[PDB]
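Before any questions on how it binds or moves, here is one chain, the form deposited in one PDB entry, in structure tokens.
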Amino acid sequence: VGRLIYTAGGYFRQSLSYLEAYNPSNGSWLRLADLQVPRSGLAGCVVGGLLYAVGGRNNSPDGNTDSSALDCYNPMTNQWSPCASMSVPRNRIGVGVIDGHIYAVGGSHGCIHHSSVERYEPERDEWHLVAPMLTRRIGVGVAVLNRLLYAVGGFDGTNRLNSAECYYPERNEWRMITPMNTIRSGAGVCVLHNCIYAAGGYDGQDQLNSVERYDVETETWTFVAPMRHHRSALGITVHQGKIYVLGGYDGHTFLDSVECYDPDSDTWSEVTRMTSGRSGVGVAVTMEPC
């Protein structure tokens, strides 16, 4: 975990540069140093207490630019630093961290929907391609459990997907897993205990409030309680054994709603509001700044 839930970037009217941190302990939000470049459809992750913002797209009134950028935020300094860029731009990207390396998964570059996957090594400041997924996936949910990487749902250029697959690093190989019971593009995907959770998303017709989880031992998906708000392009993270979902789009409003899931009571509750409604944020947890 760490201490704060950091939300970076996102979309409302145009791509956003906001970096804001929420403190579950007191309900407070802090506005921190803006991203150097606005971006929506990015992912966040943490390695060695540093926050990384990965990929996305700058949707601006002066043009639209898919991002291959990797940028690093140090809470100690309140400063963003550029890292090596990825091989390709990846809007609507998913990311997972294994053994202190960042896996960038899928995403789009204009009409190109990637199946490619690449791995960042912070000691080297270097990206390297690994085996591609079996499926092109943008708006892909990514989680890590037991040092295996999961790519869940998304959009292949033609169809939104219920499919999911797993990457075995020591084999450099992807294999399909049991598909979800729901087609989901732009779901929030995370791990809690022995399960991969997929919350919300878009099925090609409707934004979803439903939530399902994959037990790696049983290889089956089970629905849990739905969120209070239907949402796609949400941010998701885990903080002290609870899932937090941030923002997204319900087909009417860019949501400021933050919901929290308690696995013991199988209930969602409203915990806070983001300072403004937005979709396509990057979210991760690390220590409080300065």
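Quick note: we count residues from 1 along the sequence shown, nothing fancier.
Below: the form solved in complex with a small molecule, not depicted.
Asker: If we take heavy atoms and a 4.5 Å cut-off, which stretch out of 246-254, 221-229, 45-53, 25-33 is in contact with the small molecule in the deposited complex?
Answerer: In short, 246-254.
Asker: Test of understanding: in the deposited complex, would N59 fall inside 4.5 Å of the small molecule by heavy atoms?
Answerer: Yes, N59 lies within 4.5 Å of the small molecule in the deposited complex.
Asker: Contact between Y18 and the small molecule in the deposited complex at 4.5 Å, heavy atoms?
Answerer: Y18: no contact with the small molecule in the deposited complex.
Asker: If we define contact as a non-hydrogen atom of the residue within 4.5 angstroms of the partner, is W268 a contact of the small molecule in the deposited complex?
Answerer: No.
Asker: Please check if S67 has a heavy atom lying within 4.5 Å of any heavy atom of the small molecule in the deposited complex.
Answerer: Answer no; every heavy atom of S67 is more than 4.5 Å from the small molecule in the deposited complex.
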